[PDB]
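All remarks here apply to the structure that follows.
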Amino acid sequence: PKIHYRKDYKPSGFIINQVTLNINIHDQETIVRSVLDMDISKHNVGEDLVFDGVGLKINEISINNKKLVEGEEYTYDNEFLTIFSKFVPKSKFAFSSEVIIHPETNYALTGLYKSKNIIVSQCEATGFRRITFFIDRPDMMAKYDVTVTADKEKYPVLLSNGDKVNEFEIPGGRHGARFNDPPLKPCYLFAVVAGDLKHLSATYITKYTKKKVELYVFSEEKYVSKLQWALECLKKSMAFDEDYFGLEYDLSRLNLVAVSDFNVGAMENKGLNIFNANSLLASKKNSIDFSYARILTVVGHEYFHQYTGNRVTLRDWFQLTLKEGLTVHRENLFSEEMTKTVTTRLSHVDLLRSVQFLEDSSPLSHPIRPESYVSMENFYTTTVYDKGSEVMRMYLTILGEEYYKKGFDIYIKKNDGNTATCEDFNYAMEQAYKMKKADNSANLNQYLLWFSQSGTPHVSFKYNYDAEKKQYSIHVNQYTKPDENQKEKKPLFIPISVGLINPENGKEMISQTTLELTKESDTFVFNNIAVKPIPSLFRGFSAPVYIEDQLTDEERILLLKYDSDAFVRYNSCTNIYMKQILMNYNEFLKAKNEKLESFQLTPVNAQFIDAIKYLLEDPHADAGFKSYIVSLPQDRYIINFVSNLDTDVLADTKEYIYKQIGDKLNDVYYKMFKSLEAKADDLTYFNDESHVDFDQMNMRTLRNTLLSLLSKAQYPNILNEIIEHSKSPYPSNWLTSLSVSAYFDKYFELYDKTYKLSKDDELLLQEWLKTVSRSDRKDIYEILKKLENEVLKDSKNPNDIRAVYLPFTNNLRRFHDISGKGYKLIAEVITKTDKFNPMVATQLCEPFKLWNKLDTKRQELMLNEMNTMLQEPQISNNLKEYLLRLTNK
Ligand SMILES: CC(C)(C)OC(=O)N[C@H](C(=O)NO)c1ccc(Br)cc1
Ligand SMILES: [Mg+2]
Ligand SMILES: [Zn+2]
């Protein structure tokens, strides 16, 4: 098992200047002919010429139009083609090959593969070597000339990168298209698509150069009516890059293509972006609300790659966060501007502090720029993406918008058309930092630790107020726990966006302020502070850290009601909940451990419940925000604060707290559920696919959240509401009616009803599957078996498999059944999936990531299943590496 090390980066001894491909698609095989115009680089030391080539069937290979002979002049082991240096020319030469590959049986969905009736490629990160021989690394830049041929009836639409320069007929009912793409690119950005595709199109005119850009969005004919929102999102993305960053699209055409079988959300192939259908296609009748923000994000994300990834490239894969963290950051800016809802930022923070914090305290913890890898596929992680994006966002927080845009433009102008590393970006930001501080002595050298240091910092506070001096002090401390990557953690550059709230009137006491914490600890003093303030800390969540605010619940309630910053209000609510959860958890734990016949529980703070009611009843308050405050923190957020967590005790704890709040607020909940109906379910624009109202979707989120609370509580006659809800035109509503009906005898009636509504749309059926999987049912294991036998069956579609199993794994009480039956079940699914798609098998391992955080019995159960998976003779490299790292073996 070869380990690649970041420090070992060396430029290739070879150069590939030109790629000329002929891809001939036939019924039972695809023939790929390739000519590489190559050269010897200055780093060459007379070494063997080694190409990557995985699973290729060689018909012939040649150097300068002369056939090479196997064994004497080359070896091929199904992974590397080695041409011995004595047969390698010392000047410019041509390498050619013809190989056979088989897209029809390629269920790994990497390289060239068949998705339903569409032939499509996926080359990032190491997929191009599954199509033809190459030096398959991102610093090998080349020109591409690509011809594709196929049966015309089956594959009338042929696409690849660049300009289509020829179309032609071929004997036997075939046709071909030639695409020339003169600008240099890395091979992971190559793509080809063949199929009976239908489209929507539009023309965009750029802001400054006034260039006409043709926009095309493609799907299978069945779902062509689901393309409109994607096209609108693309237009929005282009406008935003123009308006915020001053960046225009440089090509004459951009294609987006939806396919049904895809490992991730989408892929930024140059001029030919390819998408999971669930992240491109939607309609009001056949999609839940979540799809609209999902398509906006993923379309935006792939578009913003055109600069941050495609025009400025990576030197090597260790720089992945330079294009991914930065593009996620660009997409976050875009989405926040488009939605104009505070929940957009809150949703990203909620995901970071649950999923990414879990990863960062797990054995899988890595910095956003890792030091080594075995399988590059395994490092497309929430750390690299989402913590990466927070690190990219902190530059904006530190610099402010004007100097951030200046630094960003320095980065683009200096590295456009070239490869780059994380240091290059830091360098450009540093130049802006100098301009901002107005001295060329300032530097961001410490900031680089954000790229190299793993783990989540903990930031804690103490306060002092001198009423006679009008002087306020914030004492701040930072600490990162040692782990396997660094024995000694160094202090980070942590920007702390802060406000000071006057507790008497809720007003701001100081102007916008960002504390720059660069040491292990510091004291920040403020003068002319007229009264003791309540501090509003890490506004906007200004650094990816554990925040310990040391505030009382009284102070937190005041922030929750009156602070100006959405995140601090949300965090103060979160903190109140966490204090309560930890206290009740330990009370339940003690009673269990000591086998108590009776015991006391600490009730929920009454003033907190009053504050929730106050906010819910405020008609000028935000519906999206409201849905967060009535929800306890995510289980994966909570687990970061409990050792040896007994999941049963946590389920009991949540139950208690929800029942406490519901006993006081259910009538308020019900009243609001009813009053919100008119605006939430307004049908005025139901048949206008370009009209998307994120505030209205948030009102539906709130209604569906309240309905779940009222259903669990068995609120009098709520089943009537549930039944009426199932008749709503909006899938978010009628799918909610299924999951909340879990607590009633009508569940399987709604099961059947909603299935009938979902079964004839591929993507809608997958949302139905998720709804069933996530249903709070005592008989959920029997239900899963039913899904397997009646709907899922032997599908190899990752959307199907993920929909059936992943939501169930979040069932705290049932997935973590003490028998270990849930662990057993998902381990069986992982092993089964790993036979044909190792990437998705690794995705299905997600519930195991917290294994060493659970109680000793569940730890043992999980570890047993992982060791069982590890001992499977046919385990993939990707899955083996992942489980080896996760189990510290
Ligand atoms: C937009 C989000 C953030 C959801 O990400 C993706 O949908 N896909 C990844 C991507 O960055 N696309 O640009 C991706 C591409 C290739 C590989 Br290998 C892994 C992951
Ligand atoms: Mg299918
Ligand atoms: Zn990306």
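Within each chain, counting starts at residue 1; across the structure tokens, chains are named A, B, ... in the order shown, with ligands numbered 1 upward in that order.
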Set out as CSV a contact list for chain A and ligand 3 with a cut-off of 12 Å, giving each residue of chain A that qualifies its closest atom pair and distance in Å to one decimal, counting only C-alpha atoms and all ligand atoms, ordered by chain and rising residue number.
residue,atom,partner,partner_atom_place_in_ligand_line,distance
A:124,CA,ligand 3,1 (Zn),10.1
A:125,CA,ligand 3,1 (Zn),11.4
A:189,CA,ligand 3,1 (Zn),11.7
A:264,CA,ligand 3,1 (Zn),10.1
A:265,CA,ligand 3,1 (Zn),9.2
A:266,CA,ligand 3,1 (Zn),7.8
A:267,CA,ligand 3,1 (Zn),6.8
A:268,CA,ligand 3,1 (Zn),6.9
A:269,CA,ligand 3,1 (Zn),10.3
A:273,CA,ligand 3,1 (Zn),10.9
A:274,CA,ligand 3,1 (Zn),11.7
A:275,CA,ligand 3,1 (Zn),11.6
A:297,CA,ligand 3,1 (Zn),10.7
A:298,CA,ligand 3,1 (Zn),8.6
A:299,CA,ligand 3,1 (Zn),10.4
A:300,CA,ligand 3,1 (Zn),10.0
A:301,CA,ligand 3,1 (Zn),6.3
A:302,CA,ligand 3,1 (Zn),6.2
A:303,CA,ligand 3,1 (Zn),9.3
A:304,CA,ligand 3,1 (Zn),8.6
A:305,CA,ligand 3,1 (Zn),6.6
A:306,CA,ligand 3,1 (Zn),10.1
A:307,CA,ligand 3,1 (Zn),11.4
A:308,CA,ligand 3,1 (Zn),9.1
A:309,CA,ligand 3,1 (Zn),8.0
A:310,CA,ligand 3,1 (Zn),10.4
A:320,CA,ligand 3,1 (Zn),9.2
A:321,CA,ligand 3,1 (Zn),9.2
A:322,CA,ligand 3,1 (Zn),10.2
A:323,CA,ligand 3,1 (Zn),6.9
A:324,CA,ligand 3,1 (Zn),4.9
A:325,CA,ligand 3,1 (Zn),8.2
A:326,CA,ligand 3,1 (Zn),8.9
A:327,CA,ligand 3,1 (Zn),6.3
A:328,CA,ligand 3,1 (Zn),7.1
A:329,CA,ligand 3,1 (Zn),10.6
A:330,CA,ligand 3,1 (Zn),10.7
A:331,CA,ligand 3,1 (Zn),9.8
A:380,CA,ligand 3,1 (Zn),9.3
A:381,CA,ligand 3,1 (Zn),11.1
A:382,CA,ligand 3,1 (Zn),11.7
A:384,CA,ligand 3,1 (Zn),10.5
A:385,CA,ligand 3,1 (Zn),8.2
A:386,CA,ligand 3,1 (Zn),11.1
A:388,CA,ligand 3,1 (Zn),11.6
A:389,CA,ligand 3,1 (Zn),11.1
Exercise: residue 61 (chain A) partners within 12 Å, only C-alpha atoms, chain neighbours under 6 positions left out, as a VMD selection string | chain A and resid 32 to 36 51 67 to 70 73 to 76 81 to 83 94 to 99 132 to 133
Who sits within 12 Å of residue 444 (chain A), only C-alpha atoms, same chain under 5 positions skipped, as a list in words =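 What passes the distance filter is residues 395, 398, 399, 423, 424, 425, 426, 427, 428, 429, 430, 431, 432, 433, 434, 437, 449, 450, 492, 493, 494, 516 and 518 of chain A.
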Dump as a PDB file, in the first residue's frame, selection limited to N, CA and C atoms:
ATOM      1  N   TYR A 395     -10.329  34.974   6.064  1.00  0.00           N
ATOM      2  CA  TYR A 395      -9.607  36.054   5.377  1.00  0.00           C
ATOM      3  C   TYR A 395     -10.510  37.256   5.120  1.00  0.00           C
ATOM      4  N   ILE A 398     -11.153  38.999   8.438  1.00  0.00           N
ATOM      5  CA  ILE A 398      -9.977  39.756   8.862  1.00  0.00           C
ATOM      6  C   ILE A 398      -9.772  41.013   8.035  1.00  0.00           C
ATOM      7  N   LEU A 399      -9.980  40.910   6.723  1.00  0.00           N
ATOM      8  CA  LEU A 399      -9.664  42.005   5.810  1.00  0.00           C
ATOM      9  C   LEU A 399     -10.799  42.994   5.580  1.00  0.00           C
ATOM     10  N   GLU A 423      -0.033  28.314  -0.178  1.00  0.00           N
ATOM     11  CA  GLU A 423       0.852  29.430   0.133  1.00  0.00           C
ATOM     12  C   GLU A 423       0.677  30.631  -0.803  1.00  0.00           C
ATOM     13  N   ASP A 424       0.378  30.369  -2.072  1.00  0.00           N
ATOM     14  CA  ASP A 424       0.144  31.441  -3.035  1.00  0.00           C
ATOM     15  C   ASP A 424      -1.087  32.260  -2.651  1.00  0.00           C
ATOM     16  N   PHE A 425      -2.128  31.580  -2.192  1.00  0.00           N
ATOM     17  CA  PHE A 425      -3.323  32.293  -1.772  1.00  0.00           C
ATOM     18  C   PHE A 425      -3.041  33.108  -0.527  1.00  0.00           C
ATOM     19  N   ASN A 426      -2.318  32.515   0.420  1.00  0.00           N
ATOM     20  CA  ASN A 426      -1.996  33.225   1.644  1.00  0.00           C
ATOM     21  C   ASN A 426      -1.168  34.458   1.322  1.00  0.00           C
ATOM     22  N   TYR A 427      -0.265  34.309   0.350  1.00  0.00           N
ATOM     23  CA  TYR A 427       0.598  35.402  -0.091  1.00  0.00           C
ATOM     24  C   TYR A 427      -0.208  36.592  -0.598  1.00  0.00           C
ATOM     25  N   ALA A 428      -1.202  36.316  -1.436  1.00  0.00           N
ATOM     26  CA  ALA A 428      -2.059  37.367  -1.979  1.00  0.00           C
ATOM     27  C   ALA A 428      -2.876  38.051  -0.886  1.00  0.00           C
ATOM     28  N   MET A 429      -3.371  37.271   0.071  1.00  0.00           N
ATOM     29  CA  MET A 429      -4.118  37.833   1.189  1.00  0.00           C
ATOM     30  C   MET A 429      -3.209  38.678   2.053  1.00  0.00           C
ATOM     31  N   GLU A 430      -1.982  38.200   2.232  1.00  0.00           N
ATOM     32  CA  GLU A 430      -0.994  38.932   3.018  1.00  0.00           C
ATOM     33  C   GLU A 430      -0.712  40.314   2.416  1.00  0.00           C
ATOM     34  N   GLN A 431      -0.664  40.406   1.086  1.00  0.00           N
ATOM     35  CA  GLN A 431      -0.435  41.698   0.427  1.00  0.00           C
ATOM     36  C   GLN A 431      -1.572  42.651   0.747  1.00  0.00           C
ATOM     37  N   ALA A 432      -2.789  42.120   0.782  1.00  0.00           N
ATOM     38  CA  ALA A 432      -3.947  42.916   1.157  1.00  0.00           C
ATOM     39  C   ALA A 432      -3.878  43.300   2.636  1.00  0.00           C
ATOM     40  N   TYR A 433      -3.382  42.380   3.459  1.00  0.00           N
ATOM     41  CA  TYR A 433      -3.266  42.603   4.897  1.00  0.00           C
ATOM     42  C   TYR A 433      -2.304  43.760   5.158  1.00  0.00           C
ATOM     43  N   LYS A 434      -1.210  43.799   4.405  1.00  0.00           N
ATOM     44  CA  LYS A 434      -0.244  44.894   4.503  1.00  0.00           C
ATOM     45  C   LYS A 434      -0.890  46.230   4.154  1.00  0.00           C
ATOM     46  N   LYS A 437      -3.377  47.242   7.080  1.00  0.00           N
ATOM     47  CA  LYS A 437      -2.708  47.713   8.292  1.00  0.00           C
ATOM     48  C   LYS A 437      -1.815  48.917   8.005  1.00  0.00           C
ATOM     49  N   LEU A 449      -0.898  28.143   9.814  1.00  0.00           N
ATOM     50  CA  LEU A 449      -1.183  27.032  10.729  1.00  0.00           C
ATOM     51  C   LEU A 449      -2.607  26.483  10.541  1.00  0.00           C
ATOM     52  N   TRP A 450      -3.516  27.313  10.037  1.00  0.00           N
ATOM     53  CA  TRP A 450      -4.858  26.835   9.724  1.00  0.00           C
ATOM     54  C   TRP A 450      -4.857  25.736   8.656  1.00  0.00           C
ATOM     55  N   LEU A 492      -3.340  29.651  17.089  1.00  0.00           N
ATOM     56  CA  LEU A 492      -3.770  30.084  15.764  1.00  0.00           C
ATOM     57  C   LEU A 492      -4.060  31.581  15.713  1.00  0.00           C
ATOM     58  N   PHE A 493      -4.112  32.122  14.496  1.00  0.00           N
ATOM     59  CA  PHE A 493      -4.620  33.471  14.263  1.00  0.00           C
ATOM     60  C   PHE A 493      -6.146  33.392  14.268  1.00  0.00           C
ATOM     61  N   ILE A 494      -6.782  33.783  15.372  1.00  0.00           N
ATOM     62  CA  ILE A 494      -8.236  33.648  15.493  1.00  0.00           C
ATOM     63  C   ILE A 494      -8.952  35.001  15.503  1.00  0.00           C
ATOM     64  N   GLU A 516      -8.233  40.379  17.148  1.00  0.00           N
ATOM     65  CA  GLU A 516      -7.309  39.457  16.515  1.00  0.00           C
ATOM     66  C   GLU A 516      -6.519  38.742  17.603  1.00  0.00           C
ATOM     67  N   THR A 518      -3.884  36.261  18.648  1.00  0.00           N
ATOM     68  CA  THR A 518      -2.765  35.588  17.998  1.00  0.00           C
ATOM     69  C   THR A 518      -1.911  34.823  19.000  1.00  0.00           C
TER      70      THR A 518
END
Closest contacts (chain A/ligand 2, max 7 Å, only C-alpha atoms and all ligand atoms) as a Markdown table:
| residue | atom | partner | partner_atom_place_in_ligand_line | distance |
| --- | --- | --- | --- | --- |
| A:260 | CA | ligand 2 | 1 (Mg) | 7.0 |
| A:762 | CA | ligand 2 | 1 (Mg) | 6.2 |
| A:797 | CA | ligand 2 | 1 (Mg) | 6.3 |
Out of A:531, A:791, A:573, A:448, which residue has the shortest atom-to-atom distance to residue 553 (chain A) when counting only C-alpha atoms?
-> A:573
What's the 6 Å shell around region 128-130 of chain A, counting only C-alpha atoms, without same-chain residues fewer than 5 positions away, as a ChimeraX atom specification?
-> /A:52-54,111,123
Counting only C-alpha atoms and all ligand atoms, figure out which residue out of A:786, A:725, A:270, A:853 gets nearest to ligand 1.
->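 Smallest separation from ligand 1 among the options: A:270.
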Quick one: residues within 7 Å of residue 191 (chain A), only C-alpha atoms counted, chain neighbours fewer than 3 positions away excluded, as a PyMOL selection string?
-> chain A and resi 121-122+160-161+269+272
Store the residues picked out above in a file with C-alpha atoms, as a compact mmCIF listing (two decimals), in the first residue's frame.
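Result written to part09.txt:
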# COMPACT_ATOMS: atom_id res chain seq x y z
CA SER A 121 -17.22 10.22 -17.60
CA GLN A 122 -16.00 11.11 -14.11
CA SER A 160 -16.91 16.92 -24.75
CA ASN A 161 -14.79 19.92 -23.67
CA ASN A 269 -15.41 19.62 -16.04
CA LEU A 272 -19.20 20.51 -19.38
Please provide as a list in words all residues within 10 Å of residue 490 (chain A), with the sequence filter that same-chain residues fewer than 5 positions apart are discarded (counting only C-alpha atoms).
->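 So the residues in contact are residues 446, 449, 453, 478, 479, 480, 482, 519 and 520 of chain A.
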Written file, previous selection with C-alpha atoms, as a PDB file, in the first residue's frame:
ATOM      1  CA  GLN A 446       0.902  32.418  11.589  1.00  0.00           C
ATOM      2  CA  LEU A 449      -1.183  27.032  10.729  1.00  0.00           C
ATOM      3  CA  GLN A 453      -2.858  21.996  12.169  1.00  0.00           C
ATOM      4  CA  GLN A 478      -7.306  29.324  23.079  1.00  0.00           C
ATOM      5  CA  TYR A 479      -6.312  25.681  23.179  1.00  0.00           C
ATOM      6  CA  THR A 480      -6.228  22.806  20.694  1.00  0.00           C
ATOM      7  CA  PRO A 482      -3.070  17.235  20.980  1.00  0.00           C
ATOM      8  CA  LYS A 519      -1.484  34.241  21.293  1.00  0.00           C
ATOM      9  CA  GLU A 520      -2.445  31.455  23.692  1.00  0.00           C
TER      10      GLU A 520
END
With a distance cut-off of 8 Å and only C-alpha atoms, select the neighbouring residues of residue 317 (chain A), excluding the residue or stretch itself and same-chain residues fewer than 2 positions from it, and output the selection as a list in words.
->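 Result of the neighbour search: residues 138, 314, 315, 319, 320 and 376 of chain A.
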What does the file look like for those residues with N, CA and C atoms, as an mmCIF file, in the first residue's frame?
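Dumped everything to result_39.cif:
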data_model
loop_
_atom_site.group_PDB
_atom_site.id
_atom_site.type_symbol
_atom_site.label_atom_id
_atom_site.label_comp_id
_atom_site.auth_asym_id
_atom_site.auth_seq_id
_atom_site.Cartn_x
_atom_site.Cartn_y
_atom_site.Cartn_z
ATOM 1 N N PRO A 138 -2.472 16.332 -11.584
ATOM 2 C CA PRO A 138 -3.038 17.598 -12.065
ATOM 3 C C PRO A 138 -2.022 18.620 -12.563
ATOM 4 N N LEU A 314 -4.551 23.345 -9.360
ATOM 5 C CA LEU A 314 -3.726 22.781 -8.286
ATOM 6 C C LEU A 314 -2.412 22.205 -8.788
ATOM 7 N N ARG A 315 -1.350 22.417 -8.023
ATOM 8 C CA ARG A 315 -0.068 21.808 -8.331
ATOM 9 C C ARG A 315 -0.106 20.300 -8.123
ATOM 10 N N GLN A 319 -3.111 20.179 -2.359
ATOM 11 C CA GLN A 319 -3.673 21.523 -2.370
ATOM 12 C C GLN A 319 -5.197 21.518 -2.575
ATOM 13 N N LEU A 320 -5.849 20.362 -2.441
ATOM 14 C CA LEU A 320 -7.281 20.259 -2.761
ATOM 15 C C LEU A 320 -8.130 21.370 -2.128
ATOM 16 N N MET A 376 -6.757 9.057 -2.798
ATOM 17 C CA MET A 376 -7.154 10.465 -2.850
ATOM 18 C C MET A 376 -8.659 10.638 -2.692
#
Rounded to one decimal in Å, what is the spacing between CA of residue 224 (chain A) and CA of residue 167 (chain A)?
-> 24.4 Å
Proximity to ligand 1 - best of A:348, A:4, A:222, A:26, only C-alpha atoms and all ligand atoms |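 Closest residue, counting only C-alpha atoms and all ligand atoms: A:348.
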Residue list (helix (DSSP H, G or I), DSSP) for region 149-295 of chain A, as an NGL selection string = :A and (187-189 or 221-226 or 228-245 or 277-279 or 290-295)
Write a file of the selected residues as an mmCIF file, in the first residue's frame, keeping N, CA and C atoms.
data_model
loop_
_atom_site.group_PDB
_atom_site.id
_atom_site.type_symbol
_atom_site.label_atom_id
_atom_site.label_comp_id
_atom_site.auth_asym_id
_atom_site.auth_seq_id
_atom_site.Cartn_x
_atom_site.Cartn_y
_atom_site.Cartn_z
ATOM 1 N N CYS A 187 -5.941 16.536 -16.693
ATOM 2 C CA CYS A 187 -6.796 15.493 -17.251
ATOM 3 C C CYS A 187 -8.034 15.226 -16.397
ATOM 4 N N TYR A 188 -8.022 15.616 -15.119
ATOM 5 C CA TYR A 188 -9.199 15.358 -14.303
ATOM 6 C C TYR A 188 -10.377 16.244 -14.736
ATOM 7 N N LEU A 189 -10.111 17.240 -15.583
ATOM 8 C CA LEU A 189 -11.149 18.133 -16.087
ATOM 9 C C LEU A 189 -11.679 17.722 -17.471
ATOM 10 N N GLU A 221 -35.058 12.729 -21.598
ATOM 11 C CA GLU A 221 -36.303 13.312 -22.074
ATOM 12 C C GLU A 221 -37.403 13.318 -21.015
ATOM 13 N N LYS A 222 -37.469 12.257 -20.210
ATOM 14 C CA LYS A 222 -38.504 12.120 -19.178
ATOM 15 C C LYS A 222 -38.556 13.314 -18.220
ATOM 16 N N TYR A 223 -37.399 13.891 -17.921
ATOM 17 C CA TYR A 223 -37.330 14.892 -16.863
ATOM 18 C C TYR A 223 -36.935 16.279 -17.351
ATOM 19 N N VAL A 224 -37.080 16.519 -18.654
ATOM 20 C CA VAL A 224 -36.648 17.782 -19.237
ATOM 21 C C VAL A 224 -37.425 18.966 -18.638
ATOM 22 N N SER A 225 -38.625 18.708 -18.126
ATOM 23 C CA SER A 225 -39.436 19.756 -17.509
ATOM 24 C C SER A 225 -38.940 20.138 -16.112
ATOM 25 N N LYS A 226 -37.843 19.534 -15.670
ATOM 26 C CA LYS A 226 -37.299 19.819 -14.340
ATOM 27 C C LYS A 226 -36.017 20.646 -14.420
ATOM 28 N N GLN A 228 -35.623 23.968 -15.451
ATOM 29 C CA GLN A 228 -35.703 25.427 -15.483
ATOM 30 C C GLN A 228 -34.988 26.117 -14.315
ATOM 31 N N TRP A 229 -35.106 25.576 -13.103
ATOM 32 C CA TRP A 229 -34.508 26.241 -11.946
ATOM 33 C C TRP A 229 -32.990 26.219 -12.053
ATOM 34 N N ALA A 230 -32.444 25.106 -12.546
ATOM 35 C CA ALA A 230 -31.003 24.995 -12.765
ATOM 36 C C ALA A 230 -30.480 26.095 -13.686
ATOM 37 N N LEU A 231 -31.197 26.321 -14.785
ATOM 38 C CA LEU A 231 -30.801 27.348 -15.740
ATOM 39 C C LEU A 231 -30.813 28.720 -15.064
ATOM 40 N N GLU A 232 -31.844 28.983 -14.265
ATOM 41 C CA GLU A 232 -31.927 30.253 -13.544
ATOM 42 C C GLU A 232 -30.767 30.398 -12.563
ATOM 43 N N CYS A 233 -30.434 29.320 -11.849
ATOM 44 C CA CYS A 233 -29.321 29.352 -10.890
ATOM 45 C C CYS A 233 -27.983 29.639 -11.588
ATOM 46 N N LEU A 234 -27.821 29.102 -12.794
ATOM 47 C CA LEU A 234 -26.594 29.305 -13.544
ATOM 48 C C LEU A 234 -26.451 30.787 -13.904
ATOM 49 N N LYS A 235 -27.529 31.377 -14.418
ATOM 50 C CA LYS A 235 -27.544 32.807 -14.727
ATOM 51 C C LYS A 235 -27.224 33.637 -13.486
ATOM 52 N N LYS A 236 -27.783 33.236 -12.346
ATOM 53 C CA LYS A 236 -27.516 33.938 -11.088
ATOM 54 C C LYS A 236 -26.047 33.836 -10.668
ATOM 55 N N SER A 237 -25.462 32.659 -10.868
ATOM 56 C CA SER A 237 -24.064 32.407 -10.506
ATOM 57 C C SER A 237 -23.121 33.269 -11.319
ATOM 58 N N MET A 238 -23.408 33.366 -12.609
ATOM 59 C CA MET A 238 -22.560 34.132 -13.521
ATOM 60 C C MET A 238 -22.612 35.595 -13.128
ATOM 61 N N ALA A 239 -23.816 36.080 -12.839
ATOM 62 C CA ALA A 239 -24.009 37.471 -12.426
ATOM 63 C C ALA A 239 -23.274 37.784 -11.132
ATOM 64 N N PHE A 240 -23.312 36.846 -10.186
ATOM 65 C CA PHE A 240 -22.698 37.081 -8.899
ATOM 66 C C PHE A 240 -21.188 37.170 -9.006
ATOM 67 N N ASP A 241 -20.583 36.267 -9.767
ATOM 68 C CA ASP A 241 -19.135 36.311 -9.939
ATOM 69 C C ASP A 241 -18.754 37.640 -10.615
ATOM 70 N N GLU A 242 -19.597 38.098 -11.534
ATOM 71 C CA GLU A 242 -19.374 39.403 -12.164
ATOM 72 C C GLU A 242 -19.497 40.560 -11.168
ATOM 73 N N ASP A 243 -20.526 40.526 -10.329
ATOM 74 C CA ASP A 243 -20.845 41.661 -9.462
ATOM 75 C C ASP A 243 -19.956 41.727 -8.230
ATOM 76 N N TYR A 244 -19.734 40.581 -7.588
ATOM 77 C CA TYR A 244 -18.914 40.550 -6.383
ATOM 78 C C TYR A 244 -17.425 40.572 -6.725
ATOM 79 N N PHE A 245 -17.017 39.685 -7.628
ATOM 80 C CA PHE A 245 -15.599 39.479 -7.896
ATOM 81 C C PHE A 245 -15.086 40.112 -9.189
ATOM 82 N N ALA A 277 -28.391 13.959 -10.837
ATOM 83 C CA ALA A 277 -29.745 14.455 -11.093
ATOM 84 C C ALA A 277 -30.379 15.118 -9.856
ATOM 85 N N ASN A 278 -30.105 14.609 -8.656
ATOM 86 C CA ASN A 278 -30.749 15.216 -7.476
ATOM 87 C C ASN A 278 -30.185 16.594 -7.113
ATOM 88 N N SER A 279 -29.148 17.034 -7.815
ATOM 89 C CA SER A 279 -28.597 18.353 -7.555
ATOM 90 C C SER A 279 -28.692 19.268 -8.769
ATOM 91 N N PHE A 290 -36.079 21.416 -0.116
ATOM 92 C CA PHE A 290 -34.627 21.330 0.007
ATOM 93 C C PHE A 290 -33.908 21.338 -1.341
ATOM 94 N N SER A 291 -34.544 20.787 -2.370
ATOM 95 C CA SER A 291 -33.936 20.723 -3.701
ATOM 96 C C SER A 291 -33.556 22.081 -4.281
ATOM 97 N N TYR A 292 -34.328 23.116 -3.962
ATOM 98 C CA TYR A 292 -34.105 24.422 -4.562
ATOM 99 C C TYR A 292 -32.813 25.067 -4.045
ATOM 100 N N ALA A 293 -32.585 25.046 -2.732
ATOM 101 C CA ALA A 293 -31.290 25.491 -2.207
ATOM 102 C C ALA A 293 -30.154 24.544 -2.625
ATOM 103 N N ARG A 294 -30.436 23.249 -2.746
ATOM 104 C CA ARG A 294 -29.394 22.295 -3.157
ATOM 105 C C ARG A 294 -28.898 22.597 -4.579
ATOM 106 N N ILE A 295 -29.826 22.823 -5.506
ATOM 107 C CA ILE A 295 -29.455 23.111 -6.904
ATOM 108 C C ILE A 295 -28.729 24.454 -7.004
#
